[PDB]
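Observations on the model geometry
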Amino acid sequence: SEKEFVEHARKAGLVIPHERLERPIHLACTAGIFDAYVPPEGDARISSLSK
Amino acid sequence: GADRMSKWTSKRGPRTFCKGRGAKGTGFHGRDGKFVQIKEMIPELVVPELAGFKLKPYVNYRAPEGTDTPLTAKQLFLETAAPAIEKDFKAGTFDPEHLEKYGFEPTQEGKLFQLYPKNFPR
Amino acid sequence: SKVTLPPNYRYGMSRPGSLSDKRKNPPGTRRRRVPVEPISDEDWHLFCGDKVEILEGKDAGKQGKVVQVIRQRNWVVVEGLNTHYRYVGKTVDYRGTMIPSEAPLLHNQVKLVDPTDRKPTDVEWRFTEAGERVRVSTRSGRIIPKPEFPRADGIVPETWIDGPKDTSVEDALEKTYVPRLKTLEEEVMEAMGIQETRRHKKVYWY
Amino acid sequence: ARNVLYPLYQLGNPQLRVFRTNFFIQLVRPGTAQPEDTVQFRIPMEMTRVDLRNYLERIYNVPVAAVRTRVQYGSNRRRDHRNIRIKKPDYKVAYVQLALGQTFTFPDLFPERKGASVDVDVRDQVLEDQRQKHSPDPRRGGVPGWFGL
Amino acid sequence: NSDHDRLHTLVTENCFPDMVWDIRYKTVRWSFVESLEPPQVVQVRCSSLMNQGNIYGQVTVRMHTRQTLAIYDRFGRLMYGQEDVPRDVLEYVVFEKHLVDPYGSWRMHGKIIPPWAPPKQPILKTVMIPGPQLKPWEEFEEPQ
Amino acid sequence: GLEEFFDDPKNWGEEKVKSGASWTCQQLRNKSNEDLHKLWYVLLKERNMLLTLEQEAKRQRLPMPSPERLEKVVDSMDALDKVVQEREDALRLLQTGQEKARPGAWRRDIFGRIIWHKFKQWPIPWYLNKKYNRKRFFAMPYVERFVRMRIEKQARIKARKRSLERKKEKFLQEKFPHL
Amino acid sequence: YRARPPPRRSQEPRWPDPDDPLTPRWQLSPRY
Amino acid sequence: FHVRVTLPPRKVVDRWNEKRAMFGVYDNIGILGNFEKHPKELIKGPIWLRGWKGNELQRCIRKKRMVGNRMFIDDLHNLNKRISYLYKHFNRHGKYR
RNA sequence: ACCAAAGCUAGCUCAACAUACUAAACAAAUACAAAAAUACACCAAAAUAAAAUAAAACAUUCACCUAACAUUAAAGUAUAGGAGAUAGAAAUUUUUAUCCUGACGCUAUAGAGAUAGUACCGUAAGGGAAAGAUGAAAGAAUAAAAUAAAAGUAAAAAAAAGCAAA
Ligand SMILES: [Mg+2]
Ligand SMILES: [Mg+2]
Ligand SMILES: [Mg+2]
Ligand SMILES: [Mg+2]
Ligand SMILES: [Mg+2]
Ligand SMILES: [Mg+2]
Ligand SMILES: [Mg+2]
Ligand SMILES: [Mg+2]
Ligand SMILES: [Mg+2]
Ligand SMILES: [Mg+2]
Ligand SMILES: [Mg+2]
Ligand SMILES: [Mg+2]
Ligand SMILES: [Mg+2]
Ligand SMILES: [Mg+2]
Ligand SMILES: [Mg+2]
């Protein structure tokens, strides 16, 4: 007479489980392009001639 | 009906059921019905002087530990009585009958802190 | 303190008392038991921090450093070799930080490699004449040094600074014990000069 | 001390002395508005008023004046997944009124840091900017923006 | 071709999501036809982090080249553009390599587009951009 | 000195507070009884402070800064208590030869079990004790049947545990034919 | 494989331990 | 009547293991061995069933007579009740009489 | 298309051997109203088994029925029995040491009641359950594949007439 439902999908991560990982994350890349290239304003009229 | 798994504490009975929670008694009942507290029954905390104490609750992390060698009766005897016995036997004055001069207590009923009856809490 | 676990417990590379493990397996679950090959502590030759090679998988023949070992499921994991990609930053309307996590591997799939020729070998335990038990390779016939690995605390003894509540090494290692036949109580009473003349009466025990 | 066998007292017996006490107390912030001279402790259930008075006067050298104790009962209503009641342990609460006119106010043991607040605000702003720049362009209508042309 | 394993081998973890997330439920027909200007290396940058003792080197390559892109819908209808149009595109592909790693494959990391680049080809369908949804206690403000 | 229940005011808001390693049995044994007695209260003050900090963290719904300090202090106090108990046990073995510090006897209660009845401290002998005299240390003839049931139940439990372990070993050998 | 050694009836005399309480009485009677 | 949707793991049973190869190898130990041992002695099992066969009542009677002094309390009670029930059923119930 | 369906494990059962048999915990408190440190006592007790049943009734009788002598025979014999139902020996004979022990036993309505003597039901003695299923990895839930097969519904209410079918 007192059976209940289960499986309430929730995502709640705290700083303690986010910092209590024994082994660290072994990344294969970086977050972004450090020292991002800034192309010069004039490229459309310089791509016409090769030299 | 009433519960059976729950603990039978002093909160679960009538007024006439006043059960202690485990604290040791500290006196008796006097003449006119009051409670007479005995000073000797109250524990006296023997707290030392920590003003000049050069030790801290934690040890240095680089300090080495040692191999676990729990102290045994054999080691205690070797440390406290074996040199004296050896020296006295070499001198030739050793008396097997009398051992009270070496720390041996034939009867514990004389001293204050007895070992087998355990007259002291801690 | 230690946590208690039901006998029907499955190990998933997560701390048993961790929130992720709790959400994966609630306290009321009991899953099917997986067969685990019994390997004793005296025969477990795969430690943490040593270089190993991969036998089967997508990264066949690749070598990596062991970062964790789980004795309950006979699992050994290497950093960034056998990897599947997962998203860790999940929100209602934003995603990112897709990192490659790595799956565990078995002792039958991971074997130790000696640092001399960097070729796969079979490890057998041997007793040296010096009283030490060091792993000895059989393919080549050389000993493999113990792979010293940093502990999970994160502090190395070489660089440590004492705080206000830490004893100095000399004070901690100073020996002041005089092994006499007096109790701690008697010695403290004598040291502090507490004089007690009267003695206890007769007490019956039964 | 607790969990130890106190020696039986009879007429003329020596004074009972405890050298290494087994009692550990906690100083708690009152949940109700108390007067300035009252300090709230959570003490082991085996401790008495005289024991707490000696504990505070000797170990910490606190001029206490009054001690009043009560036993708080822990709830036994919450049920486990096996329908077995889980009982929170009972605990002893003591109120200590100071003597020499000293007034004790529980300190703020977690003061917020301005630098920490600024760092949190900067992180939140960066996350919001990242979400805004990752949000798809409505004018594109679901066509991916990764491809050049 | 929807080859996720080889795509992971080729591009990096910062490039796979931006190119797969919003394309998994569509059909793409991408082809390479010509390259008028060969790709040219523009700059090389290196970042060393001493916390882990790891050095990452990214090389930026400017590429002006011609493809034929046709992105289809999940129902099989055209969505972005026709298949036979050889449009010219100029981009800056930034590759990243982990030099400390013994293997260290060269993987595409980022795609930089100039701010002055011409706008992409218009989509085939029309788009409605709704105005700010107003509660009864809010009055619309006309921006000028 | 009521502030001793709290840490230094400069460490109140810090997220992580570092501390040294825990005391060990060899280091405790190297020290004299005076230093052990002083270190007991030195650790007692720190344990009280850490308990106060933990309770305040629970009250404020914030994580306690580096909660391993309480575990380290508890371990150090346990090691000190173990060292003192070892010294007392060795001395009492030397002086009296009794292994246990409290008198006791192997008794047989009315339920048929063999128990270790510890002795309590009384002001009157055993034959004059109202409360002690009505206790019963012996088993009536109707208890042998229940004792036999207990023996048989334990035997059944042990036998089925052994059979389970044998079946598990055989299944593992069948599943992993490495021989 | 190789078969186990055949079960053979030993021809030497057999004498049970008289001190064993578990030995049957027919093995201790004089007729035995 | 729902039946499984997956193939069960096909048991790789071999007919040439040790037990199957040496099954009943000394069944003729007497006949080919200048009689000393009956094939009774090769039977491994309960003490009250080595070289003997009977119906349920006879088996229960023999078990009680042979190993009844070492049975547990409930086991002996169950054996006695089974013996009584079998006696009553066999000596008072049936059709052919 | 919902509801749903299928795993193979937890563990059980029956025997052999066996140390020789009330496991581990027992810091303190526990037969004051158990888990309540502490006061001049009293403590202990035995006296046949009965009946349901069979004798087609039921009165004398009614194998086993919580007491050791096991096995092959004598033998279901001598005997005892409202001489009915049934009960039933003995004298006298046979029994060669140890390993070779696992399973033509069950696989979650089965096998122990057991995930447990727990929830729950009774004042108490006492009775007593049901409930598990992905994956090498869920530190792979913008998660991936197999059945979409019971009854009950929806997709899709019905059109004179009748054991509903032929
Ligand atoms: Mg009830
Ligand atoms: Mg009450
Ligand atoms: Mg009331
Ligand atoms: Mg008073
Ligand atoms: Mg009160
Ligand atoms: Mg009748
Ligand atoms: Mg009838
Ligand atoms: Mg009638
Ligand atoms: Mg009748
Ligand atoms: Mg009868
Ligand atoms: Mg007659
Ligand atoms: Mg008649
Ligand atoms: Mg069942
Ligand atoms: Mg249907
Ligand atoms: Mg019709």
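In the block above lies the structure referred to throughout.
1. Examining the overall build of chain A
Along the backbone of chain A there are one helix and zero strands. Over its C-alpha atoms chain A spans a radius of gyration of 26 Å, topping by over 25% the 10 Å that the globule rule assigns to 51 residues. Summarising its shape, the C-alpha atoms of chain A cover approximately 85 × 30 × 15 Å along the three principal directions. Surface accessibility of chain A: about 5,000 Å² in total, with carbon and sulfur atoms responsible for 56%. Distance from the positive charge centre (7 side chains) to the negative charge centre (8 side chains) of chain A: 5 Å.

2. Remarks on the nonpolar core
With 62 residues, the main nonpolar core has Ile25(D), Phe41(D), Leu52(D), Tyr55(D), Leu56(D) and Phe5(F) as its most contacted residues. Counting only elements with at least two residues in this core, the list comes to α3 (184-192) of chain C, β3 (38-43), α1 (49-59), β4 (64-72) and β5 (91-98) of chain D together with α2 (33-60) and α3 (68-95) of chain F. Here this core takes 12 residues from α2(F), the largest share from any one element. If we skip the residues at most four places from it in the chain, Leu56(D) touches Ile25(D), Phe41(D), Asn61(D), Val62(D), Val64(D), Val96(D) and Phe5(F). Core analysis: the second largest hydrophobic core is formed by 15 residues, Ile39(C), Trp44(C), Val76(C) and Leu81(C) among them.

3. Side note on the interface of chain B and chain F
Accessible area lost on assembly of the parts is the figure often given for the size of an interface. In this complex, chain B contributes 34 residues to the contact, which on the side of chain F involves 39 residues. Our count for the contact surface shared by chain B and chain F stands at two salt bridges. Put simply, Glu88(F) and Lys118(B) hold a salt bridge, and the shortest N to O gap is 3.0 Å. Inspection of the chain B/chain F interface yields 10 residue pairs in polar contact. Along the lines of polarity and charge, the residues of the side of chain B that touches chain F split into 21 nonpolar, six polar and seven charged.

4. Comments concerning the protein's contact with RNA strand I
Near RNA strand I lie 118 residues; those nearest to it are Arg24(E), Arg108(F), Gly112(F), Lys167(F) and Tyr87(H). Atoms of RNA strand I within 4 Å of the protein: sugar and phosphate make up 53%, bases the balance. At 2.9 Å, a side-chain N or O of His84(C) approaches a phosphate oxygen of RNA strand I. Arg108(F) has a polar side-chain atom sitting 2.4 Å from a base oxygen of RNA strand I. By residue class, the composition of the surface near RNA strand I is 45 nonpolar, 24 polar and 49 charged.

5. Notes on the pattern of salt bridges
A full pass over the atoms with the stated rule returns 43 salt bridges over all chains. A salt bridge links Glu37(E) to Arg62(E); its shortest N-O distance comes to 2.9 Å. Separated by 25 residues along the polypeptide, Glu37(E) in strand β1 (residues 27-49) and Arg62(E) in strand β2 (residues 54-72) bring together distant segments of the chain. What you see here is one network of salt bridges that share partners, running through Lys165(C), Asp7(F), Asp8(F), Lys10(F), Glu46(F) and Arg69(F).

6. Looking at unusual backbone geometry
One non-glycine residue, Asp35(A), lies in the positive phi region at around 55 degrees. Tracing the backbone shows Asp35(A) in the segment after α1 (15-19). Assessed through its relative accessible area of 47%, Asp35(A) is described here as partly exposed. Here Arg61(F), not a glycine, exhibits a phi torsion of approximately 60 degrees, which is positive. The residue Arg61(F) is located in the loop between α2 and α3 in this model. Looking at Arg61(F), the relative accessible area reads 70%, which means it is exposed.

7. Overview of the interface of chain C and chain D
If you look at the interface, chain C gives 18 residues, while chain D gives 15 residues. Tallying contributions element by element places α3(C) first for the side of chain C that touches chain D, with four residues. In terms of residue class, the side of chain C that touches chain D is built from eight nonpolar, three polar and seven charged.

8. A look at the environment of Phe47(C)
All names here are of chain C. If you trace the backbone, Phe47 turns up in the loop between α1 (19-24) and β1 (51-54). For the pair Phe47 and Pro100, spaced 53 residues apart in sequence, the C-alpha to C-alpha distance is 23 Å. Excluding its chain neighbours within four sequence positions, the residues that come into contact with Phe47 are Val66, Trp125, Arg135 and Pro147.

9. Quick look at a nonpolar patch on the surface
All names here are of chain F. Together, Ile124, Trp126, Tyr127 and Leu128 make up an exposed nonpolar region whose accessible area comes to about 460 Å². If you trace the backbone, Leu128 turns up in the loop between β3 (121-122) and α4 (130-133). On the accessibility criterion, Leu128 (56% relative accessible area) is exposed.

10. Concerning helix α2 (residues 56-67) of chain H
Residue and element names in this part refer to chain H. The end-to-end C-alpha distance of α2, which contains 12 residues, comes to 16 Å, matching closely the 16 Å that a straight helix rising 1.5 Å per residue would cover. Inspection of α2 places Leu57, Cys60 and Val67 among the buried residues, and these make up the whole buried set. One side of α2 holds all its buried residues, which, seen down the axis, span an arc of 145 degrees. Summarising the contacts, the buried residues of α2 are in contact with α3 (73-92).

11. Focus on the sheet that holds β1(C)
All names here are of chain C. Reading across from one edge, β6-β3-β2-β1-β7 is the order of the five strands in this open sheet, with antiparallel pairing throughout. The outermost strands of the open sheet, each flanked by one partner alone, are β6 (105-106) and β7 (110-112). The pairing of strand β2 (residues 63-70) with strand β3 (residues 75-78) spans four bridges and is antiparallel. Residue pairing across strands places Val69 opposite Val76, the latter belonging to β3.

12. As for the side chain of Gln114(B)
All names here are of chain B. As for its placement among the helices and strands, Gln114 is situated in the segment after α2 (82-91). Judged by relative accessible area, which is 5%, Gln114 ranks as buried. Side chain to side chain, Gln114 and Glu109 meet in a polar contact 3.4 Å long. In this structure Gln114 touches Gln108, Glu109, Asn119 and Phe120, once residues within four positions along its chain are discounted.

13. Quick word on the packing of aromatic side chains
Counted under the stated rule, the structure contains 22 aromatic pairs over all chains. On the basis of an interplanar angle of 70 degrees and a centroid distance of 4.8 Å, the ring pair of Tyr206(C) and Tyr132(F) is categorised as edge-to-face. Within this pair, whereas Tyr206(C) is found in the segment after β10 (204-205), its partner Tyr132(F) is found in helix α4, the two belonging to separate chains. Each member of the pair, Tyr206(C) as well as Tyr132(F), is classed as buried. Aromatic pair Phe104(D) and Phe6(F): ring centres 6.1 Å apart, planes at 20 degrees, arrangement stacked. Pair noted here: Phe104(D) is in the loop between β5 and α2 (114-134) and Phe6(F) is in the segment before α1 (25-30), and the two residues belong to different chains. Take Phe104(D) and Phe6(F): they sit in the same class, and that class is buried.

14. Regarding the sheet that holds strand β4 (residues 107-112) of chain E
All names here are of chain E. In space, the four strands of this open sheet follow the order β1-β2-β3-β4, with antiparallel pairing throughout. Of all strands in the sheet, those with a lone pairing partner are β1 and β4, marking the two edges. Across the sheet, the axes of successive neighbouring strands diverge by a mean angle of 30 degrees, strand direction being ignored. With 17 bridges joining them, β1 and β2 adopt antiparallel strand pairing. Within the sheet, the bridge partner assigned to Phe32 lies in β2 and is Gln67.

15. Some remarks on the arrangement of the chains
At their nearest point, the C-alpha atoms of chain B and chain E are still 22 Å apart, with no contact between the two. One thing to see here is that chain C and chain G don't touch, and their nearest C-alpha atoms sit 28 Å from each other.

16. Describing the packing of α2(F) against α3(F)
Residue and element names in this part refer to chain F. Interaxial distance between α2 and α3 falls to 9 Å at its minimum, and their mutual angle equals 150 degrees. By the criterion of interaxial angle, the relationship of α2 to α3 is roughly antiparallel. Once α2 is placed against α3, the crossing between them reads as left-handed. Here the residues of the contact of α2 with α3 are counted per class, giving 16 nonpolar, two polar and six charged.

17. So, the side chain of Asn33(F)
Tracing the sequence through the fold places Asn33(F) in helix α2. Excluding anything up to four places from it in sequence, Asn33(F) contacts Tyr177(C), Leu184(C), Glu187(C) and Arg87(F).

Rules used in this analysis
- Shown numbers run from 1 along every chain as its sequence is written, which may differ from how the entry numbers residues; residues without coordinates are omitted from display.
- For naming, the first written chain is A and the first written ligand is 1, with later ones following in the order written.
- A larger assembly contains the chains displayed, and the values given here are confined to that displayed part.
- Excluded from the side-chain calculation are hydrogens and water; included are all heavy atoms of the structure.
- Residues with missing side-chain atoms are left out of burial classes, side-chain pairs and their counts.
- Labels follow the DSSP assignment, with helices taken as runs of H or I lasting at least four residues and strands as runs of E lasting at least two, numbered in each case from the N terminus.
- Every radius of gyration here is taken over C-alpha atoms, with the globule rule written as 2.2 Å times N^0.38, N being the number of residues.
- In short, Shrake-Rupley with a 1.4 Å probe defines the accessible areas, and a residue's cover is counted only from the protein chains shown.
- Residues counted as positive are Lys and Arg, residues counted as negative are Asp and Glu, and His and the chain ends are not counted.
- A single reference atom marks each charge: NZ on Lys, CZ on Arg, CG on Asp, CD on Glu.
- Put simply, a nonpolar core is a bunch of buried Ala, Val, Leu, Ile, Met, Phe, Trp, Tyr and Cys residues held in one set by side-chain atoms that sit within 4.5 Å of each other.
- Summary of the burial criterion: residues with accessible area below 20% of their type's maximum are buried, those above 50% are exposed, and those between are partly exposed, where the area comes from a 1.4 Å probe applied to protein chains only.
- Whether two residues are in contact is decided by their heavy atoms, any of which lying within 4.5 Å being enough.
- A pairing counts as a salt bridge when a side-chain nitrogen of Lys or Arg comes within 4 Å of a carboxyl oxygen of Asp or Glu.
- For this analysis, a polar contact is any N or O atom pair within 3.5 Å, provided that within protein one partner can donate a hydrogen and the other can accept it, and provided that sequence-adjacent residues contribute only side-chain to side-chain pairs.
- The nonpolar class holds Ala, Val, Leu, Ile, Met, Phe, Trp, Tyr, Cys and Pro. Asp, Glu, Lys and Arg form the charged class, and all remaining residues, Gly among them, are polar.
- Any residue with at least one heavy atom within 4 Å of a molecule or strand is counted as near it.
- Like charges are joined within 9 Å and nonpolar side chains (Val, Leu, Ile, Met, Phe, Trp, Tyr) within 5 Å, but only among residues with over 30% relative accessible area and no salt bridge; these make up the patches.
- Here the expected length of a helix is defined as 1.5 Å per residue gap, with one fewer gap than residues.
- When we speak of the arc, we mean the arc of directions from the helix axis to the C-beta atoms.
- Only when DSSP finds a minimum of two bridges between them are two strands counted as paired.
- The rule is short: rings of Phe, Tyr and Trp, with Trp giving its six-membered ring, pair when the centres are within 6.5 Å, and they are stacked under 30 degrees, edge-to-face over 60, tilted in between.
- Axes, fitted as lines to C-alpha atoms, cover a helix only where it is in contact. Angles between the N-to-C directions of the axes lie from 0 to 180 degrees.
- These descriptions rest on fixed angle ranges, namely under 35 degrees for roughly parallel, over 145 for roughly antiparallel, 65 to 115 for roughly perpendicular, and the rest for oblique.
- For any pair of crossing helices, the crossing counts as left-handed if the nearer helix is rotated counterclockwise from the farther one by less than a right angle, and right-handed if it is rotated clockwise.

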